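What follows is the content of protein.tsv, which has TSV, C-alpha atoms and all ligand atoms:
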chain	number	residue	atom	x	y	z
T	1	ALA	CA	0.00	0.00	0.00
T	2	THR	CA	0.94	3.69	-0.47
T	3	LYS	CA	-2.14	5.53	-1.83
T	4	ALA	CA	-5.64	5.12	-0.36
T	5	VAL	CA	-9.05	6.59	-1.34
T	6	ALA	CA	-12.52	6.45	0.27
T	7	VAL	CA	-15.60	7.34	-1.73
T	8	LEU	CA	-18.39	8.54	0.63
T	9	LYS	CA	-22.12	8.51	-0.22
T	10	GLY	CA	-25.49	8.39	1.51
T	11	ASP	CA	-27.78	11.31	0.72
T	12	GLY	CA	-26.94	11.06	-2.96
T	13	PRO	CA	-25.56	14.47	-4.00
T	14	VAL	CA	-23.05	14.14	-1.13
T	15	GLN	CA	-20.28	12.20	-2.86
T	16	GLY	CA	-16.98	12.17	-1.01
T	17	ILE	CA	-13.68	11.28	-2.63
T	18	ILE	CA	-10.72	11.31	-0.19
T	19	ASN	CA	-7.03	10.68	-1.09
T	20	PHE	CA	-4.86	9.51	1.83
T	21	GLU	CA	-1.37	9.17	0.34
T	22	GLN	CA	1.85	8.28	2.18
T	23	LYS	CA	4.86	9.42	0.13
T	24	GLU	CA	6.81	7.04	2.40
T	25	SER	CA	6.03	5.26	5.66
T	26	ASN	CA	8.19	7.96	7.19
T	27	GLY	CA	6.09	10.67	5.50
T	28	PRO	CA	2.98	12.05	7.22
T	29	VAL	CA	-0.12	10.89	5.35
T	30	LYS	CA	-1.47	13.87	3.41
T	31	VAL	CA	-5.19	13.18	3.90
T	32	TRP	CA	-6.42	15.36	1.04
T	33	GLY	CA	-9.78	15.06	-0.73
T	34	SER	CA	-12.74	16.67	-2.42
T	35	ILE	CA	-16.34	16.12	-1.25
T	36	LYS	CA	-19.15	17.69	-3.25
T	37	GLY	CA	-22.96	17.83	-2.82
T	38	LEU	CA	-23.03	19.07	0.80
T	39	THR	CA	-24.43	22.31	2.22
T	40	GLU	CA	-22.05	25.16	3.18
T	41	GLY	CA	-19.97	25.49	6.38
T	42	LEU	CA	-17.82	23.09	8.39
T	43	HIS	CA	-18.94	19.45	8.35
T	44	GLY	CA	-18.34	16.32	10.46
T	45	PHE	CA	-15.16	14.57	9.17
T	46	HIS	CA	-13.85	11.55	11.11
T	47	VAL	CA	-12.63	7.95	11.20
T	48	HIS	CA	-15.05	5.88	13.34
T	49	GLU	CA	-14.13	2.45	14.66
T	50	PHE	CA	-15.87	-0.09	12.43
T	51	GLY	CA	-15.58	-0.05	8.65
T	52	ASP	CA	-18.98	-1.78	8.65
T	53	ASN	CA	-21.97	-0.15	7.01
T	54	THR	CA	-24.53	-2.99	7.39
T	55	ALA	CA	-27.12	-0.75	9.12
T	56	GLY	CA	-26.47	2.02	6.55
T	57	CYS	CA	-23.76	4.45	7.75
T	58	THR	CA	-24.48	3.90	11.46
T	59	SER	CA	-23.22	0.46	12.61
T	60	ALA	CA	-19.79	1.98	11.80
T	61	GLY	CA	-19.78	3.07	15.45
T	62	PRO	CA	-19.05	6.23	17.39
T	63	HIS	CA	-15.38	7.32	17.56
T	64	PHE	CA	-14.30	4.19	19.58
T	65	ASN	CA	-10.61	4.79	18.82
T	66	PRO	CA	-8.15	2.82	21.04
T	67	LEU	CA	-6.28	5.90	22.37
T	68	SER	CA	-9.59	7.21	23.80
T	69	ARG	CA	-8.59	10.70	24.96
T	70	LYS	CA	-11.12	13.29	23.83
T	71	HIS	CA	-12.84	14.14	20.59
T	72	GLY	CA	-10.70	16.94	19.15
T	73	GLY	CA	-8.84	17.08	15.84
T	74	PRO	CA	-5.82	18.84	14.28
T	75	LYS	CA	-6.91	21.48	16.85
T	76	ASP	CA	-6.28	19.20	19.86
T	77	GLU	CA	-3.69	16.87	21.35
T	78	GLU	CA	-6.59	14.80	22.73
T	79	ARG	CA	-7.84	13.96	19.22
T	80	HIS	CA	-9.08	10.45	18.44
T	81	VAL	CA	-7.24	8.33	15.78
T	82	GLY	CA	-8.52	10.42	12.80
T	83	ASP	CA	-10.73	13.34	13.83
T	84	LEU	CA	-10.28	15.70	10.85
T	85	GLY	CA	-12.97	17.58	12.72
T	86	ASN	CA	-14.53	20.51	10.88
T	87	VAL	CA	-13.76	21.08	7.16
T	88	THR	CA	-15.53	23.84	5.20
T	89	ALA	CA	-17.82	23.17	2.23
T	90	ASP	CA	-18.28	25.99	-0.30
T	91	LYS	CA	-21.76	27.18	-1.32
T	92	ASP	CA	-21.58	24.40	-3.95
T	93	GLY	CA	-21.02	21.76	-1.24
T	94	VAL	CA	-17.40	21.47	-2.43
T	95	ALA	CA	-15.29	20.76	0.66
T	96	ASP	CA	-11.61	20.68	-0.16
T	97	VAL	CA	-9.56	18.75	2.34
T	98	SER	CA	-5.75	19.16	2.29
T	99	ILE	CA	-4.40	18.35	5.79
T	100	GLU	CA	-1.49	16.02	6.68
T	101	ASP	CA	-1.21	13.81	9.78
T	102	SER	CA	1.76	12.09	11.47
T	103	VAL	CA	-0.38	9.84	13.73
T	104	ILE	CA	-2.43	7.44	11.59
T	105	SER	CA	-0.88	4.73	9.37
T	106	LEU	CA	-2.24	3.88	5.90
T	107	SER	CA	-0.53	0.50	6.40
T	108	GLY	CA	1.67	-0.81	9.23
T	109	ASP	CA	-0.15	-1.58	12.46
T	110	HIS	CA	-3.05	0.83	12.52
T	111	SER	CA	-3.78	-0.01	8.86
T	112	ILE	CA	-6.44	2.70	8.65
T	113	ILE	CA	-8.12	1.03	5.66
T	114	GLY	CA	-11.28	-0.78	6.86
T	115	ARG	CA	-12.55	2.37	8.68
T	116	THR	CA	-15.69	4.40	7.78
T	117	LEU	CA	-15.09	8.02	6.71
T	118	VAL	CA	-18.28	9.89	7.62
T	119	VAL	CA	-19.42	13.26	6.33
T	120	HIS	CA	-21.78	14.83	8.94
T	121	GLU	CA	-24.31	17.63	8.58
T	122	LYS	CA	-23.00	19.85	11.34
T	123	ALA	CA	-19.68	21.16	12.57
T	124	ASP	CA	-18.25	19.35	15.58
T	125	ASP	CA	-17.71	20.97	18.93
T	126	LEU	CA	-14.14	19.56	18.67
T	127	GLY	CA	-14.71	18.39	22.22
T	128	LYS	CA	-16.01	21.68	23.69
T	129	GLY	CA	-19.67	20.61	24.11
T	130	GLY	CA	-18.93	19.34	27.61
T	131	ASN	CA	-21.41	16.57	26.75
T	132	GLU	CA	-21.16	12.83	26.45
T	133	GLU	CA	-21.33	13.43	22.65
T	134	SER	CA	-18.65	16.09	22.99
T	135	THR	CA	-16.00	13.53	23.93
T	136	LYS	CA	-17.20	11.26	21.03
T	137	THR	CA	-18.33	13.05	17.78
T	138	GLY	CA	-18.35	16.58	19.34
T	139	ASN	CA	-21.82	17.62	18.11
T	140	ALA	CA	-21.58	16.79	14.38
T	141	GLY	CA	-25.14	15.45	14.24
T	142	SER	CA	-26.00	12.30	12.29
T	143	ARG	CA	-23.87	10.56	9.66
T	144	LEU	CA	-25.31	11.94	6.38
T	145	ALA	CA	-23.05	9.93	4.07
T	146	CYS	CA	-20.12	7.59	4.61
T	147	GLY	CA	-17.43	5.61	2.78
T	148	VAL	CA	-14.87	2.82	3.33
T	149	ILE	CA	-11.33	3.36	1.99
T	150	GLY	CA	-10.01	0.04	0.68
T	151	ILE	CA	-6.50	1.04	-0.46
T	152	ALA	CA	-5.73	2.52	-3.91
T	153	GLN	CA	-2.18	1.37	-4.46
U	1	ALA	CA	-10.40	-8.91	12.31
U	2	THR	CA	-12.93	-11.80	12.53
U	3	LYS	CA	-16.11	-10.18	11.15
U	4	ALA	CA	-16.15	-7.70	8.25
U	5	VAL	CA	-18.75	-6.55	5.71
U	6	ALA	CA	-18.99	-5.20	2.20
U	7	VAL	CA	-22.05	-3.09	1.39
U	8	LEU	CA	-22.26	-3.05	-2.43
U	9	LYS	CA	-24.31	-0.33	-4.18
U	10	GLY	CA	-24.33	1.85	-7.27
U	11	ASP	CA	-27.61	1.93	-9.15
U	12	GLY	CA	-29.82	2.42	-6.12
U	13	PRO	CA	-32.16	-0.63	-6.23
U	14	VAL	CA	-29.03	-2.82	-6.44
U	15	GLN	CA	-27.33	-3.25	-3.07
U	16	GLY	CA	-25.37	-6.06	-1.45
U	17	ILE	CA	-24.78	-6.43	2.28
U	18	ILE	CA	-22.15	-9.16	2.27
U	19	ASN	CA	-20.82	-10.52	5.58
U	20	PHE	CA	-17.24	-11.85	5.60
U	21	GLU	CA	-16.55	-14.01	8.67
U	22	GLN	CA	-13.30	-15.76	9.56
U	23	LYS	CA	-13.74	-17.65	12.87
U	24	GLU	CA	-9.97	-17.37	13.32
U	25	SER	CA	-7.44	-15.36	11.32
U	26	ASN	CA	-6.51	-18.66	9.62
U	27	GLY	CA	-9.95	-20.29	9.16
U	28	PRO	CA	-11.92	-20.15	5.89
U	29	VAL	CA	-13.25	-16.67	5.20
U	30	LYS	CA	-16.87	-17.67	4.68
U	31	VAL	CA	-18.27	-14.82	2.61
U	32	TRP	CA	-22.07	-15.00	2.86
U	33	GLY	CA	-24.94	-12.58	2.30
U	34	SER	CA	-27.04	-11.39	-0.61
U	35	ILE	CA	-27.38	-8.72	-3.28
U	36	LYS	CA	-30.95	-7.44	-3.64
U	37	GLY	CA	-31.98	-5.39	-6.72
U	38	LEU	CA	-30.56	-7.56	-9.54
U	39	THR	CA	-32.43	-8.97	-12.51
U	40	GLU	CA	-32.75	-12.77	-12.87
U	41	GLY	CA	-29.88	-15.10	-13.83
U	42	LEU	CA	-26.13	-15.38	-13.19
U	43	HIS	CA	-24.10	-12.19	-12.48
U	44	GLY	CA	-20.61	-10.75	-12.05
U	45	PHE	CA	-19.18	-11.28	-8.58
U	46	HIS	CA	-15.51	-10.76	-7.73
U	47	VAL	CA	-13.00	-9.33	-5.28
U	48	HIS	CA	-11.13	-6.52	-7.08
U	49	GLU	CA	-7.80	-5.51	-5.62
U	50	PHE	CA	-7.97	-1.73	-5.25
U	51	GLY	CA	-10.45	-0.06	-2.89
U	52	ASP	CA	-10.30	2.89	-5.27
U	53	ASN	CA	-13.69	3.98	-6.51
U	54	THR	CA	-12.86	7.64	-7.36
U	55	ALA	CA	-14.17	7.21	-10.94
U	56	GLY	CA	-17.23	5.19	-9.78
U	57	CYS	CA	-16.68	1.38	-9.62
U	58	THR	CA	-14.54	1.79	-12.77
U	59	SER	CA	-10.96	2.26	-11.58
U	60	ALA	CA	-10.96	-0.45	-8.80
U	61	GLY	CA	-8.49	-2.62	-10.79
U	62	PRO	CA	-9.57	-5.34	-13.30
U	63	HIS	CA	-8.66	-8.10	-10.81
U	64	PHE	CA	-4.99	-7.03	-10.08
U	65	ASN	CA	-4.49	-10.16	-7.93
U	66	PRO	CA	-0.99	-11.37	-6.86
U	67	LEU	CA	-1.48	-14.95	-8.18
U	68	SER	CA	-1.76	-13.57	-11.75
U	69	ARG	CA	-2.84	-16.71	-13.65
U	70	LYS	CA	-6.20	-16.43	-15.35
U	71	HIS	CA	-9.61	-15.08	-14.61
U	72	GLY	CA	-11.20	-18.38	-13.55
U	73	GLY	CA	-13.44	-19.41	-10.65
U	74	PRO	CA	-14.22	-22.28	-8.30
U	75	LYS	CA	-14.49	-24.02	-11.72
U	76	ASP	CA	-10.83	-23.45	-12.55
U	77	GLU	CA	-7.57	-23.83	-10.64
U	78	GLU	CA	-6.19	-20.79	-12.46
U	79	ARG	CA	-8.68	-18.39	-10.81
U	80	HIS	CA	-7.17	-15.00	-9.89
U	81	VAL	CA	-8.05	-15.30	-6.18
U	82	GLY	CA	-11.52	-13.90	-5.45
U	83	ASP	CA	-13.30	-14.91	-8.64
U	84	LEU	CA	-16.50	-16.14	-6.90
U	85	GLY	CA	-17.76	-17.60	-10.18
U	86	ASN	CA	-21.33	-16.40	-10.63
U	87	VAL	CA	-24.04	-15.34	-8.20
U	88	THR	CA	-27.56	-16.17	-9.46
U	89	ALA	CA	-30.49	-13.84	-8.73
U	90	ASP	CA	-34.01	-15.04	-8.03
U	91	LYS	CA	-36.90	-13.38	-9.91
U	92	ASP	CA	-37.01	-10.91	-6.98
U	93	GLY	CA	-33.47	-9.71	-7.85
U	94	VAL	CA	-32.10	-11.42	-4.72
U	95	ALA	CA	-28.85	-13.32	-5.41
U	96	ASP	CA	-27.48	-15.39	-2.52
U	97	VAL	CA	-23.77	-15.36	-1.78
U	98	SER	CA	-22.55	-18.19	0.54
U	99	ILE	CA	-18.95	-19.21	-0.39
U	100	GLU	CA	-15.79	-20.12	1.61
U	101	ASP	CA	-12.75	-18.19	0.38
U	102	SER	CA	-10.80	-21.14	1.83
U	103	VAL	CA	-7.73	-19.49	0.30
U	104	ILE	CA	-7.22	-16.02	1.86
U	105	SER	CA	-7.61	-14.29	5.29
U	106	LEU	CA	-8.99	-11.01	6.70
U	107	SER	CA	-5.80	-10.33	8.69
U	108	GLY	CA	-2.34	-11.88	9.00
U	109	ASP	CA	-0.50	-11.94	5.69
U	110	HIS	CA	-3.20	-12.20	3.02
U	111	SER	CA	-5.10	-9.43	4.83
U	112	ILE	CA	-7.91	-8.99	2.25
U	113	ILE	CA	-9.55	-6.29	4.39
U	114	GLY	CA	-9.82	-3.26	2.10
U	115	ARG	CA	-10.50	-5.14	-1.14
U	116	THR	CA	-13.44	-4.10	-3.38
U	117	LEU	CA	-16.42	-6.23	-4.35
U	118	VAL	CA	-18.29	-5.64	-7.58
U	119	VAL	CA	-21.63	-6.97	-8.75
U	120	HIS	CA	-21.70	-6.98	-12.62
U	121	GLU	CA	-24.43	-6.64	-15.24
U	122	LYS	CA	-23.75	-10.03	-16.88
U	123	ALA	CA	-22.67	-13.56	-16.00
U	124	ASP	CA	-19.00	-14.51	-15.87
U	125	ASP	CA	-17.56	-16.72	-18.58
U	126	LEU	CA	-14.86	-17.57	-15.95
U	127	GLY	CA	-11.95	-17.28	-18.35
U	128	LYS	CA	-13.35	-19.46	-21.17
U	129	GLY	CA	-15.14	-16.52	-22.84
U	130	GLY	CA	-12.27	-16.14	-25.30
U	131	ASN	CA	-11.79	-12.37	-25.05
U	132	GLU	CA	-9.26	-10.31	-23.22
U	133	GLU	CA	-12.17	-9.54	-20.91
U	134	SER	CA	-12.93	-13.26	-20.37
U	135	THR	CA	-9.36	-13.64	-19.10
U	136	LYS	CA	-9.45	-10.31	-17.15
U	137	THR	CA	-12.93	-10.10	-15.50
U	138	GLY	CA	-14.94	-12.91	-17.20
U	139	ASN	CA	-16.74	-10.73	-19.82
U	140	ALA	CA	-19.18	-10.01	-16.91
U	141	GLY	CA	-19.58	-6.49	-18.31
U	142	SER	CA	-20.59	-3.26	-16.65
U	143	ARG	CA	-19.81	-2.96	-12.94
U	144	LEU	CA	-23.37	-1.92	-11.99
U	145	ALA	CA	-22.56	-1.57	-8.29
U	146	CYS	CA	-19.66	-2.10	-5.89
U	147	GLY	CA	-18.57	-1.94	-2.23
U	148	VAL	CA	-15.34	-1.87	-0.15
U	149	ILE	CA	-14.52	-4.39	2.60
U	150	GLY	CA	-14.66	-2.88	6.15
U	151	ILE	CA	-14.20	-4.52	9.59
U	152	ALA	CA	-17.17	-5.07	11.92
U	153	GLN	CA	-15.81	-6.97	14.92
J	201	CU	CU	-17.84	11.01	11.83
J	202	CU	CU	-15.93	-7.78	-10.42
J	203	ZN	ZN	-13.53	12.08	17.41
J	204	ZN	ZN	-10.81	-12.69	-11.97

Give the structure from the file, written as structure tokens.
Amino acid sequence: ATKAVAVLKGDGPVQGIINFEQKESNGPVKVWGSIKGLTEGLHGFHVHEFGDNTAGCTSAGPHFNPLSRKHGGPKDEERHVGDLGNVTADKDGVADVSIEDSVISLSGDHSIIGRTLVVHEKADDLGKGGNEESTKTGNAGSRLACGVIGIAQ
Amino acid sequence: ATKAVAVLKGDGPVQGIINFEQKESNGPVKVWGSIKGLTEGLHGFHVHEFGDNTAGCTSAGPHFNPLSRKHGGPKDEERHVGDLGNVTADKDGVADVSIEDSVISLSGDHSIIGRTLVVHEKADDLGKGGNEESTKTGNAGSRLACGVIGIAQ
């Protein structure tokens, strides 16, 4: 492995198309991507525990990451194992993602392949809710659409 | 892991909800479940290598298996790896899947978690179609709908 993509879907217009590429195993994974079909503003963007989708973008789980610290993101140290957090969709629903992370592993041990990328309706609290949800998905609301990665190359 | 799924979809009516269970990491991966939404008769069913779905069930790799031999099936020895043969849909558009991939494993070395499942428009010739496509994907034709393997246990 070296390049990974997840295509997200659920609502229909909301089609996500992430690109997690590791230039090397010693390179941070640049977790870039291009969702379209959403409404404006920041949206829920995270990892979730299970890759599973049997219930329809739900069974996937809450953010039951092993290093259970606090729901945060690239804004926190406490971040779960792939809280991108809050990424902004244009008026067109076009959310460009271009962040890089030195925590996850495309392949290795963590093998962040059979995970469920979820696009949520709302922005997360990035932990600040001070609610049970706040330490889990923040306050992102439901999973609108979701996708499994599956490696690219 | 021990339990994984693959939710296939593309068209909308057509969706699979396949359950991959390996009792151990070295037991048979019994891949069971069903695709609902098909039309009657035999249909495309394989395990494509790349997760990649960026183009829409198109780019996922025309069976880029390691044991590059022939597109075959449980009819042939020379089968790529996850050439299921053919899944046959009832009149209701319900095709049962219930096979043991008594070959590969979800985790360990073979680690098929991540691979992409595709339901096709037409039946597989299983190599003996006599076209490049017979030997590549079984002449099974248009990849109506597809899904990516994700862990559930
Ligand atoms: Cu999420
Ligand atoms: Cu296929
Ligand atoms: Zn989180
Ligand atoms: Zn094949």

At a cut-off of 9 Å and counting all atoms listed in the file, what residues surround ligand ZN 203 (chain J)? Please answer as a list in words. residues 45, 46, 47, 48, 62, 63, 64, 65, 68, 70, 71, 72, 73, 79, 80, 81, 82, 83, 84, 85, 124, 126, 127, 134, 135, 136, 137 and 138 of chain T

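For the pair atom CA of residue 32 of chain T and atom CA of residue 5 of chain T, the separation is 9.5 Å.
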
Smallest atom-to-atom distance to chain T: which of U:89, U:106, U:119, U:97, using all atoms listed in the file? U:106

Which of these, U:58, U:15, U:111, U:88, has the shortest distance to ligand CU 202 (chain J) once you count only C-alpha atoms and all ligand atoms? U:58

List the neighbours of residue 22 of chain T out to 12 Å using only C-alpha atoms; skip same-chain residues closer than 3 positions along the sequence, and give me the result as a PDB file with C-alpha atoms, keeping the file's coordinate frame.
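Output saved as around-v6.pdb:
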ATOM      1  CA  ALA T   1       0.000   0.000   0.000  1.00  0.00           C
ATOM      2  CA  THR T   2       0.940   3.690  -0.470  1.00  0.00           C
ATOM      3  CA  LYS T   3      -2.140   5.530  -1.830  1.00  0.00           C
ATOM      4  CA  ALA T   4      -5.640   5.120  -0.360  1.00  0.00           C
ATOM      5  CA  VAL T   5      -9.050   6.590  -1.340  1.00  0.00           C
ATOM      6  CA  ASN T  19      -7.030  10.680  -1.090  1.00  0.00           C
ATOM      7  CA  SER T  25       6.030   5.260   5.660  1.00  0.00           C
ATOM      8  CA  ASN T  26       8.190   7.960   7.190  1.00  0.00           C
ATOM      9  CA  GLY T  27       6.090  10.670   5.500  1.00  0.00           C
ATOM     10  CA  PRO T  28       2.980  12.050   7.220  1.00  0.00           C
ATOM     11  CA  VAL T  29      -0.120  10.890   5.350  1.00  0.00           C
ATOM     12  CA  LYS T  30      -1.470  13.870   3.410  1.00  0.00           C
ATOM     13  CA  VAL T  31      -5.190  13.180   3.900  1.00  0.00           C
ATOM     14  CA  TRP T  32      -6.420  15.360   1.040  1.00  0.00           C
ATOM     15  CA  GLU T 100      -1.490  16.020   6.680  1.00  0.00           C
ATOM     16  CA  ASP T 101      -1.210  13.810   9.780  1.00  0.00           C
ATOM     17  CA  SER T 102       1.760  12.090  11.470  1.00  0.00           C
ATOM     18  CA  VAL T 103      -0.380   9.840  13.730  1.00  0.00           C
ATOM     19  CA  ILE T 104      -2.430   7.440  11.590  1.00  0.00           C
ATOM     20  CA  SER T 105      -0.880   4.730   9.370  1.00  0.00           C
ATOM     21  CA  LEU T 106      -2.240   3.880   5.900  1.00  0.00           C
ATOM     22  CA  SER T 107      -0.530   0.500   6.400  1.00  0.00           C
ATOM     23  CA  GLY T 108       1.670  -0.810   9.230  1.00  0.00           C
ATOM     24  CA  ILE T 112      -6.440   2.700   8.650  1.00  0.00           C
ATOM     25  CA  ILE T 151      -6.500   1.040  -0.460  1.00  0.00           C
ATOM     26  CA  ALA T 152      -5.730   2.520  -3.910  1.00  0.00           C
ATOM     27  CA  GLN T 153      -2.180   1.370  -4.460  1.00  0.00           C
TER      28      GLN T 153
END

What does chain U look like once superposed on chain T, all Cα atoms paired in sequence order, least squares? Give it as a compact mmCIF listing (two decimals) with C-alpha atoms, in the frame of the given file.
# COMPACT_ATOMS: atom_id res chain seq x y z
CA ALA U 1 -0.11 0.38 0.50
CA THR U 2 0.97 3.90 -0.62
CA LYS U 3 -2.20 5.22 -2.29
CA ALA U 4 -5.73 4.52 -1.02
CA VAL U 5 -9.13 6.22 -1.39
CA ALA U 6 -12.38 6.65 0.47
CA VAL U 7 -15.47 7.35 -1.64
CA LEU U 8 -18.04 8.79 0.79
CA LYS U 9 -21.75 8.77 -0.16
CA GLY U 10 -25.20 8.33 1.34
CA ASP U 11 -27.72 10.97 0.34
CA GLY U 12 -26.93 10.93 -3.36
CA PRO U 13 -25.88 14.56 -4.08
CA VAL U 14 -23.37 14.23 -1.20
CA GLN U 15 -20.26 12.30 -2.20
CA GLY U 16 -16.61 12.49 -1.21
CA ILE U 17 -13.73 11.07 -3.23
CA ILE U 18 -10.93 11.36 -0.70
CA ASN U 19 -7.38 10.33 -1.66
CA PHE U 20 -5.12 9.04 1.13
CA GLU U 21 -1.45 9.05 0.10
CA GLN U 22 1.53 7.96 2.20
CA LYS U 23 4.75 8.39 0.15
CA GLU U 24 6.29 5.70 2.36
CA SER U 25 4.64 3.43 4.92
CA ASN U 26 6.07 5.77 7.58
CA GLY U 27 5.54 9.20 5.97
CA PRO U 28 2.58 11.47 6.79
CA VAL U 29 -0.67 10.10 5.42
CA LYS U 30 -1.73 13.22 3.56
CA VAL U 31 -5.49 12.82 3.24
CA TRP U 32 -6.66 15.21 0.51
CA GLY U 33 -9.71 15.48 -1.72
CA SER U 34 -13.18 16.97 -1.51
CA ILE U 35 -16.80 16.24 -0.64
CA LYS U 36 -19.24 17.68 -3.19
CA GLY U 37 -22.98 17.96 -2.35
CA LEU U 38 -22.83 19.60 1.11
CA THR U 39 -24.53 22.79 2.21
CA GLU U 40 -22.38 25.78 3.24
CA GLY U 41 -20.36 25.98 6.48
CA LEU U 42 -18.33 23.63 8.70
CA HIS U 43 -19.20 19.88 8.76
CA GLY U 44 -18.54 16.56 10.48
CA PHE U 45 -15.40 14.83 9.25
CA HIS U 46 -13.80 11.89 11.06
CA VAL U 47 -12.20 8.47 10.74
CA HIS U 48 -14.50 5.97 12.50
CA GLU U 49 -12.95 2.69 13.52
CA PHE U 50 -15.28 0.01 12.15
CA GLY U 51 -15.80 -0.46 8.41
CA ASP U 52 -19.23 -1.79 9.34
CA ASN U 53 -22.05 -0.02 7.56
CA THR U 54 -24.70 -2.80 7.73
CA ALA U 55 -27.23 -0.43 9.37
CA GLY U 56 -26.31 2.47 7.02
CA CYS U 57 -23.48 4.75 8.31
CA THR U 58 -24.97 4.25 11.80
CA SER U 59 -23.15 1.28 13.32
CA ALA U 60 -19.56 2.21 12.16
CA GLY U 61 -18.47 2.90 15.78
CA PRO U 62 -18.71 6.36 17.46
CA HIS U 63 -14.93 6.86 17.14
CA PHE U 64 -13.76 3.58 18.87
CA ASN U 65 -10.11 4.72 18.59
CA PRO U 66 -7.28 3.02 20.59
CA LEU U 67 -5.96 6.30 22.10
CA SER U 68 -9.29 6.76 23.96
CA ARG U 69 -8.85 10.30 25.34
CA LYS U 70 -11.42 12.79 24.11
CA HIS U 71 -13.14 13.69 20.91
CA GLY U 72 -10.88 16.62 19.98
CA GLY U 73 -9.18 17.71 16.76
CA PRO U 74 -6.06 19.38 15.39
CA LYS U 75 -7.23 21.97 17.99
CA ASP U 76 -6.74 19.60 20.91
CA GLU U 77 -4.01 17.18 21.95
CA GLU U 78 -6.67 14.83 23.32
CA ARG U 79 -8.14 14.10 19.86
CA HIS U 80 -9.21 10.46 19.37
CA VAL U 81 -6.95 9.91 16.33
CA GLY U 82 -8.72 10.82 13.09
CA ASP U 83 -10.80 13.76 14.29
CA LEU U 84 -10.09 15.99 11.25
CA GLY U 85 -11.72 18.95 12.99
CA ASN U 86 -14.17 20.47 10.53
CA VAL U 87 -14.33 20.55 6.74
CA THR U 88 -15.95 23.76 5.40
CA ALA U 89 -18.13 23.68 2.28
CA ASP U 90 -18.23 26.45 -0.29
CA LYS U 91 -21.65 27.74 -1.44
CA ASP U 92 -21.43 25.04 -4.16
CA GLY U 93 -21.43 22.31 -1.46
CA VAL U 94 -17.75 21.57 -2.19
CA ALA U 95 -15.70 21.13 1.02
CA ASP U 96 -11.94 20.72 0.55
CA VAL U 97 -10.07 18.14 2.58
CA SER U 98 -6.23 18.56 2.60
CA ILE U 99 -4.79 17.37 5.97
CA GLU U 100 -1.68 15.35 7.03
CA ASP U 101 -2.59 12.55 9.44
CA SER U 102 1.04 12.90 10.58
CA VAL U 103 0.13 10.38 13.28
CA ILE U 104 -0.96 7.08 11.65
CA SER U 105 -0.03 4.90 8.60
CA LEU U 106 -1.81 2.96 5.83
CA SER U 107 0.24 -0.20 6.49
CA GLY U 108 2.79 -1.36 9.06
CA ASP U 109 1.39 -1.29 12.58
CA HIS U 110 -1.19 1.50 12.61
CA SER U 111 -2.58 0.10 9.34
CA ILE U 112 -5.61 2.43 9.04
CA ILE U 113 -6.64 0.80 5.75
CA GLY U 114 -10.22 -0.35 6.31
CA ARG U 115 -11.33 2.53 8.54
CA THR U 116 -14.59 4.40 7.76
CA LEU U 117 -14.95 8.08 6.94
CA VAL U 118 -18.14 9.96 7.69
CA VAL U 119 -19.30 13.38 6.54
CA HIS U 120 -21.82 14.79 9.12
CA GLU U 121 -24.78 17.16 8.93
CA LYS U 122 -23.34 19.70 11.41
CA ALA U 123 -20.03 21.20 12.49
CA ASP U 124 -17.92 19.55 15.17
CA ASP U 125 -17.66 21.16 18.58
CA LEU U 126 -14.36 19.16 18.88
CA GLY U 127 -15.00 18.00 22.43
CA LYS U 128 -15.91 21.39 23.95
CA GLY U 129 -19.62 21.02 23.08
CA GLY U 130 -20.36 19.84 26.61
CA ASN U 131 -22.51 16.81 25.77
CA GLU U 132 -21.72 13.15 25.72
CA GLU U 133 -21.85 13.60 21.95
CA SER U 134 -19.33 16.49 22.05
CA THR U 135 -16.89 14.10 23.74
CA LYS U 136 -17.87 11.13 21.47
CA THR U 137 -18.27 12.56 17.91
CA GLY U 138 -18.28 16.38 18.43
CA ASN U 139 -22.10 16.88 18.39
CA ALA U 140 -21.63 16.86 14.56
CA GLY U 141 -25.01 15.13 14.29
CA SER U 142 -26.46 12.90 11.62
CA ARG U 143 -23.96 10.91 9.56
CA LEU U 144 -25.39 12.05 6.20
CA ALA U 145 -22.92 10.00 4.16
CA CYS U 146 -19.91 7.73 4.66
CA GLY U 147 -17.24 5.66 2.89
CA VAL U 148 -14.70 2.88 3.68
CA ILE U 149 -10.95 3.17 3.05
CA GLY U 150 -9.70 0.95 0.15
CA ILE U 151 -6.22 0.61 -1.43
CA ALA U 152 -5.49 2.02 -4.90
CA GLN U 153 -1.77 1.45 -5.49
